[PDB]
Amino acid sequence: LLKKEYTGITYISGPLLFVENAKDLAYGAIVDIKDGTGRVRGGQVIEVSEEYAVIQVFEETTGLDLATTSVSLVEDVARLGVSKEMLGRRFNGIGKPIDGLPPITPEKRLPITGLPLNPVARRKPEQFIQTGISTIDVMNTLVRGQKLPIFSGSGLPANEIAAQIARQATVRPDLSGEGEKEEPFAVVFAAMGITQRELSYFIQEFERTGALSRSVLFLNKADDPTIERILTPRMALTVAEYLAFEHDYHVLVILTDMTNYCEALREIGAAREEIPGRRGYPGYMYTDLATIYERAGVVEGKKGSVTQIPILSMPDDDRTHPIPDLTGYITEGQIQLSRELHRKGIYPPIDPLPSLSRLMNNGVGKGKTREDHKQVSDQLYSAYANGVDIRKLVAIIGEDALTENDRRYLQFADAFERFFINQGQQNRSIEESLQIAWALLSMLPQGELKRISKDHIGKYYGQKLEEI
Amino acid sequence: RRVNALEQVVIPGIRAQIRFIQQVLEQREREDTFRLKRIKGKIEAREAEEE
Amino acid sequence: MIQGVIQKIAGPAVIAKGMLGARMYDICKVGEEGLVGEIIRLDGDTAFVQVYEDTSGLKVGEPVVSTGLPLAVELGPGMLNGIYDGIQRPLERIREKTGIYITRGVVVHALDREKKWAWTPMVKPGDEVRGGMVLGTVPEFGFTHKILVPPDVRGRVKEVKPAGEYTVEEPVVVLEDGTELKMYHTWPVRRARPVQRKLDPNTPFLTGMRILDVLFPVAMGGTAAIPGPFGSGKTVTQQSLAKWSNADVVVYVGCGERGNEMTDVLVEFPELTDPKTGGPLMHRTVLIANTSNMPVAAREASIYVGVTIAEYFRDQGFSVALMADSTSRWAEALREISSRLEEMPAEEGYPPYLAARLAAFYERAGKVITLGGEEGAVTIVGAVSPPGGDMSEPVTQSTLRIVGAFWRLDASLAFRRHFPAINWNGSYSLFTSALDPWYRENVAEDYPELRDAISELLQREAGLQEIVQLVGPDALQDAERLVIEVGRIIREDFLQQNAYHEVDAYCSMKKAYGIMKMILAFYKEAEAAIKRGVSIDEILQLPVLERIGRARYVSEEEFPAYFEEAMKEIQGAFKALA
Ligand SMILES: Nc1ncnc2c1ncn2[C@@H]1O[C@H](COP(=O)(O)OP(=O)(O)O)[C@@H](O)[C@H]1O
Ligand SMILES: [Mg+2]
């Protein structure tokens, strides 16, 4: 196909440049900007009119001039070339290999913004995932097709939790009989503004596990241009959707530090002087975040599935910050790490009370896992809440004024926090986690367990702690 | 009892109130400078109709 | 038709030129793909069009064609048991044409033109017909659908088709001036349908939740708002209201929320049973779906489409319940359109006319006498999603001035899994006084007395909650520790309700009255025993307390026998006590 070039630049300021006679540039097209030194920059058309067209640049504008710069069209819609040979490769976040191998041969070209799934075409996610963490498996269980972010802190070890989850996740078909074999997950890893220290840890963990041979990595380091941070998750989700819904793979998507994505969006929104929001963020952040989150799930009539574990850091541990607030309105739950638990050496420091999973209620019950799952979970939540309240009361009055029942609740809380949450690198099964949960519930009298029916009580009761 | 109550209950609520009021005032200031940024541009666009 | 070309494209807003003669709020077709748009501003030779579809890939110079008509919906037989897009397009018909993805530019009829409907005339030649009169009846899924005259049509009947089977677009009645009346008509979504008179609500709208039906009632034809942060339980509360309420027809509008929540309704509902008839639950439900990643500008149209359908079903003599999944997304759509229009924001970027639109939306509810002389009512329940749980935001404050009820959710109760997590201190209802005569003769003659007696107990417990937390529960006298324990019993055994249990998800009024009676009797007997000088611990260890705790799990069948035994056991245990 023939190429066309426009040389009528009129105005350059910051990330934006104006092209005068560009009447036939489609809205949303991708252009290539070349200066007198031969360097090539990318850009996207963001406003087209009769008088001119407005183009934002994917990186800095140093070196451009109005006399020798020319803008050439590439494609009308931003597209990515996908293929089955991309498993085991590394990319720079704009589709170029970093590993030094030759580029792939595309099978299809797909738009990076994707298309919305028809709600009629979806189906309910139902397959329970055993991750090996008791605070997740029992009380915040994960289902194939769920988006479940991790609410990290400034210095909390969320990366280790994500690596451990990716290392141990399995579907356990024997508890349901709906299949066999050991069909493993494919992993798509997207990093936005990551530094060398965490990138090294992730790379060594992936090579030690051996799962790097079936994973695709999109890496945008912290010194890369900031506008590339916008495009990075979209291509990763495009690859995940293509693999899952055209080759029956079960993929798992990990997005690292989407707080960097939110500041990247805020920078462009401030440059485009659009109307801000609660803390200077643009007013359309909800829609942009929804165009990323809502690309997961399962589809009726197809075997594939997409699962997302985003990672984000709460600024100053403030849960009312706009980024965690808008994340909580879209995703199907959250996992929140506690700094107080991390201070006393508990690993993983998952906080049970603010954590939540909305798809628990169709992934566990009769015919999958066990029938006492939900009642045990509810009783554990209620008892832990009472224990926390009593412990807060003790810090004011003192232990000397405590009723013996409140003493039992406090001992239950201090045993729960010490034995259930704290597990290290141990790979606990679901049955072992339920055994530990029933062992902790025996510290209370049978009259307290109002959340559990009398059918299960007696069938499991009175066991002591056997994990040493 | 009084020392523990003052340490554990009274101070954090006061500090949260400080943070909330500070955020509200800062957000109002941002809304107010946005209008000035629009009005300066309108002034610049007015005196360019026929120079 | 007025025809022009595109001049400037910027996001969801397109400016055309050469459109001199176009009218405000008319529907245009933009581009070679025929995307749907609407005029919101006229300026000389130009016109400002907001597009309800994705505008990526458009180019300057493509034609724009004006249709000369505002946004309208097709009202007629066949809307039930369906799911619709934000501009009334059947998604199950889009699937068979586009696959698993929703592509733009698809045109489908709203009502099925192929199906045959059984027609039974009621009018005869020579009769005079006015707006809102009934021409005939058509059967449906257990309902009788009435073919109404359009509200602006008057004249005399010339001829009527006899009984038989016809499609929706075959003229059944022809007027004397040549006007042809079909089974369906179109109405602009931005205009309210006329009525004769509006009446005062005097009957309850039963939701099946104890705390909402007892402490903060809402009448048939009123409005309510349920604000709350993320994870509080707005969607479970609205889906339970869809499942268990006594409304004849339920309209659910998923304005800008998750798509999995819309698939859950499509899967679960065709199996469940209608509370007031033997048919499936989906046969009485209309779904309008516009998820979060679907186009932004279409969020505004979905609310109007839903409220117009609900108003249409009101005119037939039914009782309609309308549930809006979130109005903050509608406010955000208005904010984005105003940002594209370069208007001056009032607060938080919101346009200054938000309170007018919200007022116009909530006004349409109420109990009316229709143009046909029948009786109908519409009740609206709308959820609000404040950022960070701040109840002082403009959207929440604009809503509270109009609504008759205010159900406030709290994150603290949701943390300890105390669902439905309704905060009983900040919530209020203004329909309690009007519904007392109905309660006195349909439930019991002493029901308001019990309701007040429990309200005072909750207030006293909240008062003592200022003392206990820093002084110590054992420093109080037993006359207040008894109040604390009774408040705990009320909080855990009466107010709490599990929406996912087999039995507890639905609760009739008489069961709640029985639980209230049991709790008050226990309180009075415990006070008498305290006046006898007995220690409180022997009362808290009494075995009769477990009867009250397990009471809400007793089924509706077993309850009239369980209640008598529990009532006898309470008195027996408190007399056998020292
Ligand atoms: N009445 C209820 N009974 C049991 N669980 C509830 C109830 N209401 C809410 N929940 C819990 O709340 C969680 C999600 O609430 P949701 O409806 O998503 O609130 P929102 O839509 O406002 O975020 C669900 O996982 C559910 O377990
Ligand atoms: Mg919801």
# chains A, B, ... in the order shown; residues from 1 in each chain; ligands from 1
$ closest_atom_pairs --of "chain A" --to "ligand 2" --cutoff "12 Å" --atoms "only C-alpha atoms and all ligand atoms" --output "CSV"
residue,atom,partner,partner_atom_place_in_ligand_line,distance
A:328,CA,ligand 2,1 (Mg),10.2
A:329,CA,ligand 2,1 (Mg),7.4
A:330,CA,ligand 2,1 (Mg),8.5
A:331,CA,ligand 2,1 (Mg),10.1
A:332,CA,ligand 2,1 (Mg),9.5
A:333,CA,ligand 2,1 (Mg),11.2
A:358,CA,ligand 2,1 (Mg),10.2
$ residues_near_ligand --ligand "ligand 1" --cutoff "10 Å" --atoms "only C-alpha atoms and all ligand atoms" --output "PyMOL selection string"
(chain A and resi 140+328-333+356-361+378) or (chain C and resi 209+226-240+257-258+261+325-326+383-385+409+414-415+417-422+496-501+504-505)
$ residues_around --residues "residue 573 in chain C" --least-positions-apart "2" --cutoff "10 Å" --atoms "only C-alpha atoms" --output "PyMOL selection string"
chain C and resi 525+539+542-544+568-571+575-578
$ closest_atom_pairs --of "chain A" --to "chain B" --cutoff "10 Å" --atoms "only C-alpha atoms" --output "Markdown table"
| residue | atom | partner | partner_atom | distance |
| --- | --- | --- | --- | --- |
| A:273 | CA | B:34 | CA | 9.1 |
| A:274 | CA | B:34 | CA | 9.9 |
| A:275 | CA | B:34 | CA | 8.5 |
| A:276 | CA | B:31 | CA | 8.4 |
| A:277 | CA | B:27 | CA | 9.1 |
| A:278 | CA | B:27 | CA | 7.1 |
| A:279 | CA | B:27 | CA | 6.7 |
| A:280 | CA | B:30 | CA | 7.8 |
| A:392 | CA | B:8 | CA | 9.1 |
| A:395 | CA | B:4 | CA | 7.2 |
| A:396 | CA | B:4 | CA | 5.3 |
| A:397 | CA | B:1 | CA | 6.1 |
| A:398 | CA | B:1 | CA | 8.5 |
$ write_last_selection --atoms "N, CA and C atoms" --output "mmCIF file, in the first residue's frame"
data_model
loop_
_atom_site.group_PDB
_atom_site.id
_atom_site.type_symbol
_atom_site.label_atom_id
_atom_site.label_comp_id
_atom_site.auth_asym_id
_atom_site.auth_seq_id
_atom_site.Cartn_x
_atom_site.Cartn_y
_atom_site.Cartn_z
ATOM 1 N N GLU A 273 -6.057 19.544 29.580
ATOM 2 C CA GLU A 273 -6.868 20.504 30.356
ATOM 3 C C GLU A 273 -8.350 20.125 30.447
ATOM 4 N N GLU A 274 -8.623 18.826 30.452
ATOM 5 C CA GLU A 274 -9.987 18.354 30.633
ATOM 6 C C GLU A 274 -10.404 18.488 32.096
ATOM 7 N N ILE A 275 -11.698 18.313 32.339
ATOM 8 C CA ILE A 275 -12.270 18.569 33.667
ATOM 9 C C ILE A 275 -11.743 17.533 34.657
ATOM 10 N N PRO A 276 -11.212 17.947 35.804
ATOM 11 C CA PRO A 276 -10.646 16.992 36.758
ATOM 12 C C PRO A 276 -11.725 16.330 37.606
ATOM 13 N N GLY A 277 -11.264 15.542 38.575
ATOM 14 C CA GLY A 277 -12.157 14.820 39.458
ATOM 15 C C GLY A 277 -11.933 15.123 40.924
ATOM 16 N N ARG A 278 -11.840 14.077 41.747
ATOM 17 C CA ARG A 278 -11.789 14.272 43.191
ATOM 18 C C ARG A 278 -10.439 14.794 43.669
ATOM 19 N N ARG A 279 -9.328 14.266 43.150
ATOM 20 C CA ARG A 279 -8.012 14.710 43.594
ATOM 21 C C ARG A 279 -7.120 15.083 42.419
ATOM 22 N N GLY A 280 -7.683 15.719 41.398
ATOM 23 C CA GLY A 280 -6.938 16.074 40.215
ATOM 24 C C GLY A 280 -6.938 15.024 39.129
ATOM 25 N N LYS A 392 -9.718 -4.616 71.306
ATOM 26 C CA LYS A 392 -9.710 -3.158 71.357
ATOM 27 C C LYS A 392 -10.209 -2.653 72.704
ATOM 28 N N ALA A 395 -7.395 -2.885 75.546
ATOM 29 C CA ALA A 395 -6.339 -1.877 75.529
ATOM 30 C C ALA A 395 -6.699 -0.627 76.324
ATOM 31 N N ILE A 396 -7.981 -0.386 76.577
ATOM 32 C CA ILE A 396 -8.398 0.749 77.393
ATOM 33 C C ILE A 396 -8.559 0.349 78.853
ATOM 34 N N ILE A 397 -9.326 -0.707 79.114
ATOM 35 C CA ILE A 397 -9.624 -1.103 80.485
ATOM 36 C C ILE A 397 -8.519 -1.960 81.096
ATOM 37 N N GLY A 398 -8.052 -2.970 80.384
ATOM 38 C CA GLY A 398 -7.111 -3.922 80.933
ATOM 39 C C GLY A 398 -7.697 -5.320 80.990
#
$ closest_residue --among "A:141, A:443, A:418, A:67" --to "residue 10 in chain A" --atoms "only C-alpha atoms"
A:67
$ decode --residues "range 367-404 of chain A" --atoms "N, CA, C and O atoms" --output "compact mmCIF listing (two decimals), in the first residue's frame"
# COMPACT_ATOMS: atom_id res chain seq x y z
N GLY A 367 -21.44 -30.63 46.30
CA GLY A 367 -20.94 -31.10 45.02
C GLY A 367 -19.63 -30.48 44.58
O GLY A 367 -19.07 -30.92 43.57
N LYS A 368 -19.14 -29.48 45.30
CA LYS A 368 -17.84 -28.87 45.01
C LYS A 368 -17.28 -28.37 46.33
O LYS A 368 -17.98 -27.65 47.06
N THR A 369 -16.03 -28.72 46.62
CA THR A 369 -15.43 -28.60 47.96
C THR A 369 -16.35 -29.35 48.93
O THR A 369 -16.73 -30.49 48.64
N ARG A 370 -16.73 -28.77 50.06
CA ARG A 370 -17.60 -29.44 51.02
C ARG A 370 -18.78 -28.54 51.35
O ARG A 370 -18.78 -27.34 51.06
N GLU A 371 -19.80 -29.14 51.96
CA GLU A 371 -21.05 -28.44 52.21
C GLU A 371 -21.01 -27.57 53.46
O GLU A 371 -21.93 -26.77 53.68
N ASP A 372 -19.98 -27.71 54.30
CA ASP A 372 -19.87 -26.88 55.49
C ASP A 372 -19.00 -25.65 55.27
O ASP A 372 -18.63 -24.99 56.25
N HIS A 373 -18.66 -25.34 54.02
CA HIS A 373 -17.70 -24.27 53.73
C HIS A 373 -18.24 -22.90 54.15
O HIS A 373 -17.58 -22.16 54.90
N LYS A 374 -19.44 -22.56 53.69
CA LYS A 374 -19.95 -21.20 53.87
C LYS A 374 -20.28 -20.90 55.32
O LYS A 374 -20.01 -19.80 55.82
N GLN A 375 -20.88 -21.86 56.02
CA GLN A 375 -21.23 -21.64 57.42
C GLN A 375 -19.98 -21.49 58.28
O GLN A 375 -19.94 -20.65 59.18
N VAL A 376 -18.94 -22.28 57.99
CA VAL A 376 -17.67 -22.13 58.68
C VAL A 376 -17.08 -20.75 58.42
O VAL A 376 -16.57 -20.09 59.34
N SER A 377 -17.14 -20.29 57.17
CA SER A 377 -16.60 -18.98 56.84
C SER A 377 -17.34 -17.87 57.59
O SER A 377 -16.71 -16.95 58.15
N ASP A 378 -18.67 -17.95 57.63
CA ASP A 378 -19.45 -16.93 58.33
C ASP A 378 -19.16 -16.94 59.83
O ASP A 378 -19.02 -15.87 60.45
N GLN A 379 -19.06 -18.13 60.43
CA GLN A 379 -18.76 -18.21 61.85
C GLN A 379 -17.37 -17.67 62.16
O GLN A 379 -17.18 -16.99 63.17
N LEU A 380 -16.40 -17.96 61.29
CA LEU A 380 -15.05 -17.42 61.49
C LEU A 380 -15.05 -15.90 61.42
O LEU A 380 -14.41 -15.24 62.24
N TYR A 381 -15.78 -15.33 60.45
CA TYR A 381 -15.86 -13.88 60.36
C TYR A 381 -16.47 -13.26 61.61
O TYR A 381 -15.92 -12.30 62.17
N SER A 382 -17.59 -13.82 62.08
CA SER A 382 -18.25 -13.26 63.26
C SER A 382 -17.37 -13.37 64.50
O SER A 382 -17.24 -12.41 65.27
N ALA A 383 -16.76 -14.54 64.70
CA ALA A 383 -15.93 -14.75 65.88
C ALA A 383 -14.69 -13.86 65.86
O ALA A 383 -14.28 -13.32 66.89
N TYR A 384 -14.08 -13.69 64.68
CA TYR A 384 -12.91 -12.82 64.59
C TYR A 384 -13.28 -11.37 64.83
O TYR A 384 -12.51 -10.63 65.46
N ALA A 385 -14.45 -10.94 64.35
CA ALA A 385 -14.89 -9.57 64.62
C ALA A 385 -15.11 -9.35 66.12
O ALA A 385 -14.69 -8.32 66.67
N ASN A 386 -15.74 -10.32 66.79
CA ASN A 386 -15.93 -10.20 68.23
C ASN A 386 -14.60 -10.18 68.97
O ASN A 386 -14.42 -9.42 69.93
N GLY A 387 -13.65 -11.02 68.54
CA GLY A 387 -12.34 -11.03 69.17
C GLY A 387 -11.60 -9.72 69.00
O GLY A 387 -10.95 -9.23 69.93
N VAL A 388 -11.68 -9.12 67.81
CA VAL A 388 -11.03 -7.84 67.57
C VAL A 388 -11.66 -6.75 68.42
O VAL A 388 -10.96 -5.90 68.99
N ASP A 389 -13.00 -6.76 68.54
CA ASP A 389 -13.67 -5.77 69.39
C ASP A 389 -13.24 -5.92 70.84
O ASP A 389 -12.95 -4.93 71.52
N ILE A 390 -13.17 -7.16 71.34
CA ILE A 390 -12.77 -7.39 72.73
C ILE A 390 -11.32 -6.96 72.94
O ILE A 390 -10.99 -6.36 73.97
N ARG A 391 -10.45 -7.24 71.97
CA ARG A 391 -9.05 -6.83 72.08
C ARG A 391 -8.90 -5.32 72.09
O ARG A 391 -8.03 -4.79 72.78
N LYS A 392 -9.72 -4.62 71.31
CA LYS A 392 -9.71 -3.16 71.36
C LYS A 392 -10.21 -2.65 72.70
O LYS A 392 -9.72 -1.64 73.21
N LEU A 393 -11.19 -3.34 73.29
CA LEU A 393 -11.69 -2.95 74.60
C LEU A 393 -10.64 -3.16 75.68
O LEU A 393 -10.55 -2.37 76.63
N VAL A 394 -9.84 -4.22 75.56
CA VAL A 394 -8.85 -4.55 76.59
C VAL A 394 -7.79 -3.46 76.69
O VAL A 394 -7.33 -3.12 77.78
N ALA A 395 -7.40 -2.88 75.55
CA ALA A 395 -6.34 -1.88 75.53
C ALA A 395 -6.70 -0.63 76.32
O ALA A 395 -5.80 0.12 76.71
N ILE A 396 -7.98 -0.39 76.58
CA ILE A 396 -8.40 0.75 77.39
C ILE A 396 -8.56 0.35 78.85
O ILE A 396 -7.99 0.98 79.75
N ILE A 397 -9.33 -0.71 79.11
CA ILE A 397 -9.62 -1.10 80.48
C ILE A 397 -8.52 -1.96 81.10
O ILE A 397 -8.09 -1.70 82.22
N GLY A 398 -8.05 -2.97 80.38
CA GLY A 398 -7.11 -3.92 80.93
C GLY A 398 -7.70 -5.32 80.99
O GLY A 398 -8.92 -5.52 80.97
N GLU A 399 -6.81 -6.32 81.07
CA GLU A 399 -7.25 -7.71 81.05
C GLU A 399 -7.91 -8.13 82.36
O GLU A 399 -8.63 -9.13 82.37
N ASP A 400 -7.68 -7.39 83.45
CA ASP A 400 -8.16 -7.80 84.76
C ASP A 400 -9.67 -7.70 84.91
O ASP A 400 -10.23 -8.34 85.81
N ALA A 401 -10.35 -6.91 84.08
CA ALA A 401 -11.79 -6.74 84.20
C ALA A 401 -12.58 -7.58 83.21
O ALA A 401 -13.78 -7.34 83.03
N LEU A 402 -11.94 -8.55 82.56
CA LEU A 402 -12.57 -9.27 81.47
C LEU A 402 -13.42 -10.44 81.98
O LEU A 402 -13.02 -11.18 82.88
N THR A 403 -14.60 -10.59 81.38
CA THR A 403 -15.40 -11.78 81.60
C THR A 403 -14.74 -12.98 80.91
O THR A 403 -14.02 -12.82 79.92
N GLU A 404 -14.98 -14.18 81.45
CA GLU A 404 -14.31 -15.37 80.94
C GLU A 404 -14.69 -15.66 79.49
O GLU A 404 -13.86 -16.18 78.73
